[PDB]
>>> print(open('run-v3.cif').read())   # mmCIF, N, CA and C atoms
data_model
loop_
_atom_site.label_atom_id
_atom_site.label_comp_id
_atom_site.auth_asym_id
_atom_site.auth_seq_id
_atom_site.Cartn_x
_atom_site.Cartn_y
_atom_site.Cartn_z
N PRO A 1 -36.16 -71.60 -42.65
CA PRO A 1 -37.07 -70.46 -42.81
C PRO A 1 -36.38 -69.11 -42.64
N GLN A 2 -37.01 -68.07 -43.16
CA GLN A 2 -36.51 -66.70 -43.03
C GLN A 2 -36.49 -66.28 -41.56
N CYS A 3 -37.51 -66.68 -40.82
CA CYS A 3 -37.65 -66.28 -39.42
C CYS A 3 -37.80 -67.49 -38.51
N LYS A 4 -37.37 -67.34 -37.26
CA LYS A 4 -37.60 -68.37 -36.25
C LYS A 4 -39.06 -68.37 -35.82
N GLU A 5 -39.44 -69.35 -35.01
CA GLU A 5 -40.84 -69.57 -34.68
C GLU A 5 -41.55 -68.39 -34.02
N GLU A 6 -40.84 -67.64 -33.18
CA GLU A 6 -41.46 -66.54 -32.45
C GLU A 6 -41.68 -65.29 -33.32
N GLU A 7 -41.21 -65.35 -34.56
CA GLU A 7 -41.33 -64.22 -35.49
C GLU A 7 -41.99 -64.63 -36.78
N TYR A 8 -42.42 -63.65 -37.57
CA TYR A 8 -43.07 -63.95 -38.85
C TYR A 8 -42.53 -63.00 -39.92
N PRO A 9 -42.50 -63.44 -41.18
CA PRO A 9 -41.89 -62.60 -42.22
C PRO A 9 -42.80 -61.48 -42.69
N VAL A 10 -42.21 -60.30 -42.87
CA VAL A 10 -42.90 -59.15 -43.44
C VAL A 10 -41.96 -58.62 -44.50
N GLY A 11 -42.21 -58.96 -45.76
CA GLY A 11 -41.24 -58.63 -46.78
C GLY A 11 -39.92 -59.31 -46.46
N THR A 12 -38.83 -58.54 -46.48
CA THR A 12 -37.51 -59.11 -46.26
C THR A 12 -37.07 -59.04 -44.80
N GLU A 13 -37.98 -58.61 -43.92
CA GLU A 13 -37.65 -58.53 -42.49
C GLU A 13 -38.45 -59.58 -41.71
N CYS A 14 -38.07 -59.77 -40.45
CA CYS A 14 -38.83 -60.60 -39.51
C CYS A 14 -39.39 -59.71 -38.43
N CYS A 15 -40.61 -60.00 -37.99
CA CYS A 15 -41.27 -59.24 -36.93
C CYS A 15 -41.77 -60.14 -35.82
N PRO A 16 -41.79 -59.63 -34.58
CA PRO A 16 -42.32 -60.46 -33.49
C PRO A 16 -43.79 -60.77 -33.69
N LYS A 17 -44.16 -62.01 -33.44
CA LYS A 17 -45.57 -62.40 -33.50
C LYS A 17 -46.35 -61.83 -32.33
N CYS A 18 -47.66 -61.73 -32.52
CA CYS A 18 -48.56 -61.33 -31.44
C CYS A 18 -48.95 -62.57 -30.64
N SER A 19 -49.33 -62.36 -29.39
CA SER A 19 -49.70 -63.46 -28.49
C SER A 19 -51.07 -64.02 -28.84
N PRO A 20 -51.36 -65.25 -28.37
CA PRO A 20 -52.74 -65.75 -28.51
C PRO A 20 -53.74 -64.75 -27.93
N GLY A 21 -54.88 -64.59 -28.62
CA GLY A 21 -55.88 -63.61 -28.24
C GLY A 21 -55.68 -62.24 -28.87
N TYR A 22 -54.61 -62.12 -29.67
CA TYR A 22 -54.25 -60.86 -30.30
C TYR A 22 -53.98 -61.07 -31.79
N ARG A 23 -53.91 -59.97 -32.53
CA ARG A 23 -53.53 -60.01 -33.94
C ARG A 23 -52.74 -58.74 -34.26
N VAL A 24 -52.12 -58.72 -35.43
CA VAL A 24 -51.27 -57.62 -35.83
C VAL A 24 -52.07 -56.41 -36.31
N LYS A 25 -51.83 -55.27 -35.67
CA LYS A 25 -52.39 -54.00 -36.12
C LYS A 25 -51.41 -53.28 -37.05
N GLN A 26 -50.12 -53.34 -36.71
CA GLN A 26 -49.10 -52.65 -37.50
C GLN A 26 -47.84 -53.50 -37.48
N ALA A 27 -47.29 -53.74 -38.66
CA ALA A 27 -46.03 -54.48 -38.79
C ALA A 27 -44.88 -53.75 -38.13
N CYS A 28 -43.84 -54.50 -37.77
CA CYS A 28 -42.67 -53.90 -37.16
C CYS A 28 -41.82 -53.13 -38.19
N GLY A 29 -40.94 -52.29 -37.68
CA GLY A 29 -39.98 -51.57 -38.50
C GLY A 29 -38.78 -51.30 -37.62
N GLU A 30 -37.80 -50.54 -38.12
CA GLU A 30 -36.62 -50.32 -37.29
C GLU A 30 -36.95 -49.65 -35.96
N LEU A 31 -37.87 -48.69 -35.98
CA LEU A 31 -38.15 -47.91 -34.78
C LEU A 31 -39.27 -48.44 -33.88
N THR A 32 -40.09 -49.36 -34.39
CA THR A 32 -41.21 -49.87 -33.59
C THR A 32 -41.42 -51.37 -33.77
N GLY A 33 -41.63 -52.08 -32.67
CA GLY A 33 -42.00 -53.49 -32.76
C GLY A 33 -43.43 -53.64 -33.24
N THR A 34 -43.81 -54.87 -33.52
CA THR A 34 -45.17 -55.20 -33.93
C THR A 34 -46.17 -54.57 -32.96
N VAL A 35 -47.20 -53.94 -33.51
CA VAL A 35 -48.30 -53.44 -32.67
C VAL A 35 -49.41 -54.47 -32.73
N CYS A 36 -49.84 -54.93 -31.56
CA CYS A 36 -50.82 -56.01 -31.47
C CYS A 36 -52.08 -55.48 -30.78
N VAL A 37 -53.24 -55.95 -31.23
CA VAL A 37 -54.51 -55.56 -30.62
C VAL A 37 -55.33 -56.83 -30.34
N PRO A 38 -56.27 -56.77 -29.39
CA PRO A 38 -57.05 -57.98 -29.10
C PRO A 38 -57.92 -58.42 -30.27
N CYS A 39 -58.16 -59.73 -30.35
CA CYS A 39 -59.15 -60.28 -31.27
C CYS A 39 -60.51 -59.61 -31.07
N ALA A 40 -61.24 -59.45 -32.17
CA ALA A 40 -62.61 -58.96 -32.10
C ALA A 40 -63.46 -59.99 -31.37
N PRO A 41 -64.57 -59.54 -30.76
CA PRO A 41 -65.48 -60.54 -30.20
C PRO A 41 -65.90 -61.53 -31.28
N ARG A 42 -66.09 -62.79 -30.89
CA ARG A 42 -66.47 -63.87 -31.80
C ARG A 42 -65.35 -64.26 -32.76
N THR A 43 -64.11 -63.88 -32.42
CA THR A 43 -62.94 -64.35 -33.16
C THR A 43 -61.87 -64.81 -32.16
N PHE A 44 -60.87 -65.56 -32.64
CA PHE A 44 -59.86 -66.11 -31.74
C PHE A 44 -58.50 -66.26 -32.43
N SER A 45 -57.45 -66.33 -31.62
CA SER A 45 -56.16 -66.76 -32.13
C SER A 45 -55.55 -67.63 -31.05
N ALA A 46 -55.26 -68.88 -31.39
CA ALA A 46 -54.84 -69.85 -30.37
C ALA A 46 -53.34 -69.90 -30.17
N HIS A 47 -52.59 -69.31 -31.09
CA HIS A 47 -51.14 -69.40 -31.04
C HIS A 47 -50.52 -68.05 -31.30
N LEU A 48 -49.22 -67.94 -31.03
CA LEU A 48 -48.44 -66.80 -31.50
C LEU A 48 -48.71 -66.68 -32.99
N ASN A 49 -48.95 -65.46 -33.46
CA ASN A 49 -49.38 -65.33 -34.84
C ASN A 49 -49.00 -64.00 -35.46
N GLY A 50 -49.01 -63.96 -36.79
CA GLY A 50 -48.80 -62.71 -37.50
C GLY A 50 -50.01 -62.37 -38.33
N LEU A 51 -51.19 -62.72 -37.82
CA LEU A 51 -52.46 -62.53 -38.51
C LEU A 51 -52.89 -61.07 -38.54
N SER A 52 -53.46 -60.61 -39.66
CA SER A 52 -54.01 -59.26 -39.70
C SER A 52 -55.43 -59.18 -39.13
N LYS A 53 -56.03 -60.35 -38.92
CA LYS A 53 -57.38 -60.49 -38.37
C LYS A 53 -57.36 -61.78 -37.56
N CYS A 54 -58.09 -61.83 -36.45
CA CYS A 54 -58.25 -63.13 -35.79
C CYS A 54 -59.20 -64.03 -36.59
N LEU A 55 -59.19 -65.32 -36.27
CA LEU A 55 -59.97 -66.32 -36.99
C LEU A 55 -61.39 -66.34 -36.47
N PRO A 56 -62.37 -66.53 -37.37
CA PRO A 56 -63.76 -66.57 -36.92
C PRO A 56 -64.05 -67.81 -36.06
N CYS A 57 -64.81 -67.63 -34.98
CA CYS A 57 -65.25 -68.78 -34.18
C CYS A 57 -66.20 -69.65 -35.00
N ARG A 58 -66.01 -70.97 -34.95
CA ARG A 58 -66.89 -71.87 -35.71
C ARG A 58 -68.29 -71.89 -35.13
N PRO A 59 -69.30 -72.09 -35.99
CA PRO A 59 -70.64 -72.33 -35.46
C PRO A 59 -70.80 -73.79 -35.06
N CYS A 60 -71.89 -74.11 -34.36
CA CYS A 60 -72.23 -75.50 -34.09
C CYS A 60 -73.63 -75.74 -34.64
N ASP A 61 -73.71 -76.51 -35.72
CA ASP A 61 -74.95 -76.60 -36.49
C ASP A 61 -75.88 -77.67 -35.94
N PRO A 62 -77.07 -77.27 -35.47
CA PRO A 62 -78.08 -78.20 -34.96
C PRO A 62 -78.50 -79.23 -36.01
N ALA A 63 -78.36 -78.89 -37.29
CA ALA A 63 -78.73 -79.81 -38.36
C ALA A 63 -77.80 -81.02 -38.40
N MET A 64 -76.64 -80.88 -37.76
CA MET A 64 -75.67 -81.96 -37.64
C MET A 64 -75.71 -82.53 -36.21
N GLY A 65 -76.74 -82.16 -35.45
CA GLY A 65 -76.92 -82.67 -34.09
C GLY A 65 -76.02 -81.99 -33.08
N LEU A 66 -75.48 -80.83 -33.45
CA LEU A 66 -74.48 -80.18 -32.60
C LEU A 66 -75.02 -79.08 -31.71
N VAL A 67 -74.35 -78.89 -30.58
CA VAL A 67 -74.61 -77.80 -29.65
C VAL A 67 -73.25 -77.28 -29.20
N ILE A 68 -73.22 -76.14 -28.52
CA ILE A 68 -71.97 -75.61 -27.98
C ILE A 68 -71.61 -76.35 -26.70
N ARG A 69 -70.39 -76.89 -26.64
CA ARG A 69 -69.91 -77.55 -25.43
C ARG A 69 -68.96 -76.63 -24.65
N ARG A 70 -68.09 -75.91 -25.36
CA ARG A 70 -67.38 -74.81 -24.72
C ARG A 70 -67.39 -73.65 -25.69
N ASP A 71 -67.80 -72.47 -25.24
CA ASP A 71 -67.93 -71.38 -26.20
C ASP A 71 -66.55 -70.89 -26.59
N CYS A 72 -66.53 -70.20 -27.72
CA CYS A 72 -65.32 -69.62 -28.24
C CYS A 72 -64.83 -68.55 -27.28
N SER A 73 -63.51 -68.38 -27.20
CA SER A 73 -62.91 -67.31 -26.41
C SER A 73 -61.86 -66.69 -27.30
N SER A 74 -61.22 -65.63 -26.83
CA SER A 74 -60.22 -64.95 -27.65
C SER A 74 -59.03 -65.86 -27.99
N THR A 75 -58.85 -66.94 -27.23
CA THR A 75 -57.72 -67.84 -27.49
C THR A 75 -58.11 -69.27 -27.89
N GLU A 76 -59.40 -69.56 -28.02
CA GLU A 76 -59.84 -70.93 -28.27
C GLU A 76 -61.08 -70.95 -29.16
N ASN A 77 -61.06 -71.76 -30.21
CA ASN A 77 -62.22 -71.90 -31.09
C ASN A 77 -63.35 -72.57 -30.33
N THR A 78 -64.58 -72.33 -30.78
CA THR A 78 -65.74 -73.02 -30.22
C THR A 78 -65.53 -74.52 -30.26
N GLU A 79 -65.91 -75.20 -29.17
CA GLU A 79 -65.91 -76.66 -29.17
C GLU A 79 -67.36 -77.14 -29.19
N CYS A 80 -67.72 -77.85 -30.24
CA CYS A 80 -69.09 -78.34 -30.39
C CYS A 80 -69.21 -79.72 -29.80
N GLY A 81 -70.35 -79.99 -29.16
CA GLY A 81 -70.68 -81.33 -28.69
C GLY A 81 -72.01 -81.79 -29.26
N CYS A 82 -72.53 -82.90 -28.75
CA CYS A 82 -73.78 -83.44 -29.28
C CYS A 82 -74.98 -83.03 -28.48
N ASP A 83 -76.13 -82.94 -29.14
CA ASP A 83 -77.38 -82.68 -28.43
C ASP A 83 -77.71 -83.86 -27.52
N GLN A 84 -78.63 -83.66 -26.59
CA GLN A 84 -79.02 -84.73 -25.68
C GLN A 84 -79.43 -85.98 -26.46
N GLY A 85 -79.06 -87.14 -25.93
CA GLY A 85 -79.40 -88.40 -26.59
C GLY A 85 -78.72 -88.66 -27.92
N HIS A 86 -77.69 -87.87 -28.24
CA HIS A 86 -76.91 -88.04 -29.46
C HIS A 86 -75.46 -88.41 -29.14
N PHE A 87 -74.72 -88.93 -30.11
CA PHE A 87 -73.32 -89.27 -29.89
C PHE A 87 -72.50 -88.88 -31.12
N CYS A 88 -71.21 -88.63 -30.91
CA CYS A 88 -70.36 -88.11 -31.96
C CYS A 88 -69.87 -89.21 -32.90
N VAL A 89 -69.96 -88.96 -34.20
CA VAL A 89 -69.49 -89.93 -35.18
C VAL A 89 -68.24 -89.46 -35.94
N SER A 90 -67.78 -88.24 -35.66
CA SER A 90 -66.51 -87.74 -36.21
C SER A 90 -65.97 -86.51 -35.47
N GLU A 91 -64.69 -86.56 -35.09
CA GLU A 91 -64.06 -85.44 -34.38
C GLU A 91 -62.99 -84.74 -35.19
N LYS A 92 -62.67 -83.53 -34.74
CA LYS A 92 -61.51 -82.78 -35.17
C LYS A 92 -60.93 -82.20 -33.88
N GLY A 93 -60.03 -82.95 -33.24
CA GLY A 93 -59.47 -82.52 -31.97
C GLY A 93 -60.49 -82.55 -30.84
N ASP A 94 -60.63 -81.43 -30.14
CA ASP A 94 -61.60 -81.28 -29.04
C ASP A 94 -63.02 -81.05 -29.55
N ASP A 95 -63.21 -81.14 -30.87
CA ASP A 95 -64.45 -80.68 -31.48
C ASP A 95 -65.20 -81.80 -32.20
N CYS A 96 -66.51 -81.90 -31.96
CA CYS A 96 -67.30 -82.88 -32.69
C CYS A 96 -67.84 -82.27 -33.97
N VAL A 97 -67.72 -83.01 -35.07
CA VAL A 97 -68.12 -82.51 -36.38
C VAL A 97 -69.54 -82.95 -36.77
N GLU A 98 -69.92 -84.16 -36.37
CA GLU A 98 -71.28 -84.63 -36.62
C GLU A 98 -71.73 -85.61 -35.55
N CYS A 99 -73.01 -85.54 -35.19
CA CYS A 99 -73.59 -86.44 -34.20
C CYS A 99 -74.73 -87.23 -34.82
N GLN A 100 -75.05 -88.37 -34.22
CA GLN A 100 -76.21 -89.15 -34.63
C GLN A 100 -77.05 -89.48 -33.40
N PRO A 101 -78.36 -89.66 -33.57
CA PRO A 101 -79.18 -90.03 -32.41
C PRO A 101 -78.96 -91.48 -32.01
N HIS A 102 -79.17 -91.80 -30.73
CA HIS A 102 -79.23 -93.18 -30.23
C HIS A 102 -79.53 -93.19 -28.74
#
>>> encode(input="run-v3.cif", output="structure tokens")
Amino acid sequence: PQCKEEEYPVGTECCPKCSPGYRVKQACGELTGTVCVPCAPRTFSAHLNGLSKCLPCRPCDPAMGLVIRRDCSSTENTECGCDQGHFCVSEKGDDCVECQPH
């Protein structure tokens, strides 16, 4: 790659990534490093990143039997769980994608 893991490409240069919970406000240049600002409320960044915007927090859709199990934070996407008396029939990591009653 053009840049090592802690950096991200901006044209023909490499710039330092922003920390989790932050995103890039201004790219680096010779005189200034990357300017980073916090994620907007209801958005997150879980890793070092070169994002111009943080990622939107996922919803938890009641139509799929879902509720919030851990709310989204600036560094972690929403984790959805099942409504009472329901169980998960498919996951994506710490997150339940669909529940069924039983």
>>> resolve_selection(input="run-v3.cif", expression="the PyMOL selection byres (((chain A and resi 26-34 and name CA) around 8) and name CA)", output="PDB file with N, CA and C atoms, keeping the file's coordinate frame")
ATOM      1  N   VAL A  10     -42.210 -60.300 -42.870  1.00  0.00           N
ATOM      2  CA  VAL A  10     -42.900 -59.150 -43.440  1.00  0.00           C
ATOM      3  C   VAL A  10     -41.960 -58.620 -44.500  1.00  0.00           C
ATOM      4  N   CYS A  15     -40.610 -60.000 -37.990  1.00  0.00           N
ATOM      5  CA  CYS A  15     -41.270 -59.240 -36.930  1.00  0.00           C
ATOM      6  C   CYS A  15     -41.770 -60.140 -35.820  1.00  0.00           C
ATOM      7  N   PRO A  16     -41.790 -59.630 -34.580  1.00  0.00           N
ATOM      8  CA  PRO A  16     -42.320 -60.460 -33.490  1.00  0.00           C
ATOM      9  C   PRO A  16     -43.790 -60.770 -33.690  1.00  0.00           C
ATOM     10  N   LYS A  17     -44.160 -62.010 -33.440  1.00  0.00           N
ATOM     11  CA  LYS A  17     -45.570 -62.400 -33.500  1.00  0.00           C
ATOM     12  C   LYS A  17     -46.350 -61.830 -32.330  1.00  0.00           C
ATOM     13  N   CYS A  18     -47.660 -61.730 -32.520  1.00  0.00           N
ATOM     14  CA  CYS A  18     -48.560 -61.330 -31.440  1.00  0.00           C
ATOM     15  C   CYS A  18     -48.950 -62.570 -30.640  1.00  0.00           C
ATOM     16  N   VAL A  24     -52.120 -58.720 -35.430  1.00  0.00           N
ATOM     17  CA  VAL A  24     -51.270 -57.620 -35.830  1.00  0.00           C
ATOM     18  C   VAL A  24     -52.070 -56.410 -36.310  1.00  0.00           C
ATOM     19  N   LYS A  25     -51.830 -55.270 -35.670  1.00  0.00           N
ATOM     20  CA  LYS A  25     -52.390 -54.000 -36.120  1.00  0.00           C
ATOM     21  C   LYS A  25     -51.410 -53.280 -37.050  1.00  0.00           C
ATOM     22  N   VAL A  35     -47.200 -53.940 -33.510  1.00  0.00           N
ATOM     23  CA  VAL A  35     -48.300 -53.440 -32.670  1.00  0.00           C
ATOM     24  C   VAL A  35     -49.410 -54.470 -32.730  1.00  0.00           C
ATOM     25  N   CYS A  36     -49.840 -54.930 -31.560  1.00  0.00           N
ATOM     26  CA  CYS A  36     -50.820 -56.010 -31.470  1.00  0.00           C
ATOM     27  C   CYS A  36     -52.080 -55.480 -30.780  1.00  0.00           C
TER      28      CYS A  36
END
>>> resolve_selection(input="run-v3.cif", expression="the PyMOL selection byres (((chain A and resi 45 and name CA) around 10) and name CA)", output="ChimeraX atom specification")
/A:18-23,38-39,43-44,46-51,53-57,73-77
>>> write_last_selection(input="run-v3.cif", atoms="N, CA and C atoms", output="PDB file, in the coordinates of the input")
ATOM      1  N   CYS A  18     -47.660 -61.730 -32.520  1.00  0.00           N
ATOM      2  CA  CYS A  18     -48.560 -61.330 -31.440  1.00  0.00           C
ATOM      3  C   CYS A  18     -48.950 -62.570 -30.640  1.00  0.00           C
ATOM      4  N   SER A  19     -49.330 -62.360 -29.390  1.00  0.00           N
ATOM      5  CA  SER A  19     -49.700 -63.460 -28.490  1.00  0.00           C
ATOM      6  C   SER A  19     -51.070 -64.020 -28.840  1.00  0.00           C
ATOM      7  N   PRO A  20     -51.360 -65.250 -28.370  1.00  0.00           N
ATOM      8  CA  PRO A  20     -52.740 -65.750 -28.510  1.00  0.00           C
ATOM      9  C   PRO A  20     -53.740 -64.750 -27.930  1.00  0.00           C
ATOM     10  N   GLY A  21     -54.880 -64.590 -28.620  1.00  0.00           N
ATOM     11  CA  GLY A  21     -55.880 -63.610 -28.240  1.00  0.00           C
ATOM     12  C   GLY A  21     -55.680 -62.240 -28.870  1.00  0.00           C
ATOM     13  N   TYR A  22     -54.610 -62.120 -29.670  1.00  0.00           N
ATOM     14  CA  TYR A  22     -54.250 -60.860 -30.300  1.00  0.00           C
ATOM     15  C   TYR A  22     -53.980 -61.070 -31.790  1.00  0.00           C
ATOM     16  N   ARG A  23     -53.910 -59.970 -32.530  1.00  0.00           N
ATOM     17  CA  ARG A  23     -53.530 -60.010 -33.940  1.00  0.00           C
ATOM     18  C   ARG A  23     -52.740 -58.740 -34.260  1.00  0.00           C
ATOM     19  N   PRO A  38     -56.270 -56.770 -29.390  1.00  0.00           N
ATOM     20  CA  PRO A  38     -57.050 -57.980 -29.100  1.00  0.00           C
ATOM     21  C   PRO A  38     -57.920 -58.420 -30.270  1.00  0.00           C
ATOM     22  N   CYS A  39     -58.160 -59.730 -30.350  1.00  0.00           N
ATOM     23  CA  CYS A  39     -59.150 -60.280 -31.270  1.00  0.00           C
ATOM     24  C   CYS A  39     -60.510 -59.610 -31.070  1.00  0.00           C
ATOM     25  N   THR A  43     -64.110 -63.880 -32.420  1.00  0.00           N
ATOM     26  CA  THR A  43     -62.940 -64.350 -33.160  1.00  0.00           C
ATOM     27  C   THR A  43     -61.870 -64.810 -32.160  1.00  0.00           C
ATOM     28  N   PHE A  44     -60.870 -65.560 -32.640  1.00  0.00           N
ATOM     29  CA  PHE A  44     -59.860 -66.110 -31.740  1.00  0.00           C
ATOM     30  C   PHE A  44     -58.500 -66.260 -32.430  1.00  0.00           C
ATOM     31  N   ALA A  46     -55.260 -68.880 -31.390  1.00  0.00           N
ATOM     32  CA  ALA A  46     -54.840 -69.850 -30.370  1.00  0.00           C
ATOM     33  C   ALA A  46     -53.340 -69.900 -30.170  1.00  0.00           C
ATOM     34  N   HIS A  47     -52.590 -69.310 -31.090  1.00  0.00           N
ATOM     35  CA  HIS A  47     -51.140 -69.400 -31.040  1.00  0.00           C
ATOM     36  C   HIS A  47     -50.520 -68.050 -31.300  1.00  0.00           C
ATOM     37  N   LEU A  48     -49.220 -67.940 -31.030  1.00  0.00           N
ATOM     38  CA  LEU A  48     -48.440 -66.800 -31.500  1.00  0.00           C
ATOM     39  C   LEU A  48     -48.710 -66.680 -32.990  1.00  0.00           C
ATOM     40  N   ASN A  49     -48.950 -65.460 -33.460  1.00  0.00           N
ATOM     41  CA  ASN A  49     -49.380 -65.330 -34.840  1.00  0.00           C
ATOM     42  C   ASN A  49     -49.000 -64.000 -35.460  1.00  0.00           C
ATOM     43  N   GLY A  50     -49.010 -63.960 -36.790  1.00  0.00           N
ATOM     44  CA  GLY A  50     -48.800 -62.710 -37.500  1.00  0.00           C
ATOM     45  C   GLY A  50     -50.010 -62.370 -38.330  1.00  0.00           C
ATOM     46  N   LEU A  51     -51.190 -62.720 -37.820  1.00  0.00           N
ATOM     47  CA  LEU A  51     -52.460 -62.530 -38.510  1.00  0.00           C
ATOM     48  C   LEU A  51     -52.890 -61.070 -38.540  1.00  0.00           C
ATOM     49  N   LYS A  53     -56.030 -60.350 -38.920  1.00  0.00           N
ATOM     50  CA  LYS A  53     -57.380 -60.490 -38.370  1.00  0.00           C
ATOM     51  C   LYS A  53     -57.360 -61.780 -37.560  1.00  0.00           C
ATOM     52  N   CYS A  54     -58.090 -61.830 -36.450  1.00  0.00           N
ATOM     53  CA  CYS A  54     -58.250 -63.130 -35.790  1.00  0.00           C
ATOM     54  C   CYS A  54     -59.200 -64.030 -36.590  1.00  0.00           C
ATOM     55  N   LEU A  55     -59.190 -65.320 -36.270  1.00  0.00           N
ATOM     56  CA  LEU A  55     -59.970 -66.320 -36.990  1.00  0.00           C
ATOM     57  C   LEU A  55     -61.390 -66.340 -36.470  1.00  0.00           C
ATOM     58  N   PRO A  56     -62.370 -66.530 -37.370  1.00  0.00           N
ATOM     59  CA  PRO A  56     -63.760 -66.570 -36.920  1.00  0.00           C
ATOM     60  C   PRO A  56     -64.050 -67.810 -36.060  1.00  0.00           C
ATOM     61  N   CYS A  57     -64.810 -67.630 -34.980  1.00  0.00           N
ATOM     62  CA  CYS A  57     -65.250 -68.780 -34.180  1.00  0.00           C
ATOM     63  C   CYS A  57     -66.200 -69.650 -35.000  1.00  0.00           C
ATOM     64  N   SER A  73     -63.510 -68.380 -27.200  1.00  0.00           N
ATOM     65  CA  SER A  73     -62.910 -67.310 -26.410  1.00  0.00           C
ATOM     66  C   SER A  73     -61.860 -66.690 -27.300  1.00  0.00           C
ATOM     67  N   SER A  74     -61.220 -65.630 -26.830  1.00  0.00           N
ATOM     68  CA  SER A  74     -60.220 -64.950 -27.650  1.00  0.00           C
ATOM     69  C   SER A  74     -59.030 -65.860 -27.990  1.00  0.00           C
ATOM     70  N   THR A  75     -58.850 -66.940 -27.230  1.00  0.00           N
ATOM     71  CA  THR A  75     -57.720 -67.840 -27.490  1.00  0.00           C
ATOM     72  C   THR A  75     -58.110 -69.270 -27.890  1.00  0.00           C
ATOM     73  N   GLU A  76     -59.400 -69.560 -28.020  1.00  0.00           N
ATOM     74  CA  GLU A  76     -59.840 -70.930 -28.270  1.00  0.00           C
ATOM     75  C   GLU A  76     -61.080 -70.950 -29.160  1.00  0.00           C
ATOM     76  N   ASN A  77     -61.060 -71.760 -30.210  1.00  0.00           N
ATOM     77  CA  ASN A  77     -62.220 -71.900 -31.090  1.00  0.00           C
ATOM     78  C   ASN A  77     -63.350 -72.570 -30.330  1.00  0.00           C
TER      79      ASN A  77
END
>>> axis_aligned_box(input="run-v3.cif", around="segment 31-43 of chain A", padding_each_side="4 Å", output="JSON")
{"center_x": -52.2, "center_y": -56.4, "center_z": -32.5, "size_x": 36.6, "size_y": 24.9, "size_z": 14.9}
>>> atom_distance(input="run-v3.cif", atom1="atom C of residue 63 of chain A", atom2="atom CA of residue 92 of chain A")
16.7 Å
>>> residues_around(input="run-v3.cif", residues="residue 97 of chain A", least_positions_apart="4", cutoff="6.5 Å", atoms="all atoms listed in the file", output="list in words")
residues 64, 80, 89, 90, 91 and 92 of chain A
>>> residues_around(input="run-v3.cif", residues="residue 3 of chain A", least_positions_apart="3", cutoff="10 Å", atoms="only C-alpha atoms", output="MDAnalysis selection string")
chainID A and resid 6:10 12:16
>>> atom_distance(input="run-v3.cif", atom1="atom CA of residue 84 of chain A", atom2="atom CA of residue 101 of chain A")
8.6 Å
>>> residues_around(input="run-v3.cif", residues="residue 65 of chain A", least_positions_apart="6", cutoff="7 Å", atoms="only N, CA and C atoms", output="list in words")
residues 81, 82, 83, 98, 99 and 100 of chain A
>>> select_by_dssp(input="run-v3.cif", residues="chain A", states="strand (DSSP E)", output="PyMOL selection string")
chain A and resi 7-10+13-16+22-26+35-38+43-44+55-56+66-70+79-82+86-92+95-101
>>> resolve_selection(input="run-v3.cif", expression="the PyMOL selection byres ((chain A and resi 69) around 6)", output="short mmCIF file (atom, residue, chain, number, x, y, z; two decimals) with N, CA and C atoms, in the frame of the given file")
data_model
loop_
_atom_site.label_atom_id
_atom_site.label_comp_id
_atom_site.auth_asym_id
_atom_site.auth_seq_id
_atom_site.Cartn_x
_atom_site.Cartn_y
_atom_site.Cartn_z
N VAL A 67 -74.35 -78.89 -30.58
CA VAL A 67 -74.61 -77.80 -29.65
C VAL A 67 -73.25 -77.28 -29.20
N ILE A 68 -73.22 -76.14 -28.52
CA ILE A 68 -71.97 -75.61 -27.98
C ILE A 68 -71.61 -76.35 -26.70
N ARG A 70 -68.09 -75.91 -25.36
CA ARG A 70 -67.38 -74.81 -24.72
C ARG A 70 -67.39 -73.65 -25.69
N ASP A 71 -67.80 -72.47 -25.24
CA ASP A 71 -67.93 -71.38 -26.20
C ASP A 71 -66.55 -70.89 -26.59
N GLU A 79 -65.91 -75.20 -29.17
CA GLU A 79 -65.91 -76.66 -29.17
C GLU A 79 -67.36 -77.14 -29.19
N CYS A 80 -67.72 -77.85 -30.24
CA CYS A 80 -69.09 -78.34 -30.39
C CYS A 80 -69.21 -79.72 -29.80
N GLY A 81 -70.35 -79.99 -29.16
CA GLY A 81 -70.68 -81.33 -28.69
C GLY A 81 -72.01 -81.79 -29.26
#
>>> atom_distance(input="run-v3.cif", atom1="atom N of residue 61 of chain A", atom2="atom C of residue 95 of chain A")
10.6 Å
>>> decode(input="run-v3.cif", residues="segment 73-88 of chain A", atoms="C-alpha atoms", output="mmCIF file, in the first residue's frame")
data_model
loop_
_atom_site.group_PDB
_atom_site.id
_atom_site.type_symbol
_atom_site.label_atom_id
_atom_site.label_comp_id
_atom_site.auth_asym_id
_atom_site.auth_seq_id
_atom_site.Cartn_x
_atom_site.Cartn_y
_atom_site.Cartn_z
ATOM 1 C CA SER A 73 -21.729 5.834 20.983
ATOM 2 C CA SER A 74 -19.105 7.905 19.183
ATOM 3 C CA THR A 75 -16.927 4.773 18.939
ATOM 4 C CA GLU A 76 -19.446 1.918 18.647
ATOM 5 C CA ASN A 77 -22.414 1.183 16.358
ATOM 6 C CA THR A 78 -25.798 0.431 17.918
ATOM 7 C CA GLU A 79 -26.117 -3.165 19.069
ATOM 8 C CA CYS A 80 -29.625 -4.519 18.524
ATOM 9 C CA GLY A 81 -31.140 -7.323 20.570
ATOM 10 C CA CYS A 82 -34.491 -9.115 20.630
ATOM 11 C CA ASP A 83 -37.771 -7.986 22.145
ATOM 12 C CA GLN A 84 -39.039 -9.849 25.203
ATOM 13 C CA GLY A 85 -39.949 -13.458 24.472
ATOM 14 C CA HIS A 86 -38.043 -13.373 21.164
ATOM 15 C CA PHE A 87 -34.739 -14.959 20.080
ATOM 16 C CA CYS A 88 -32.134 -14.118 17.456
#
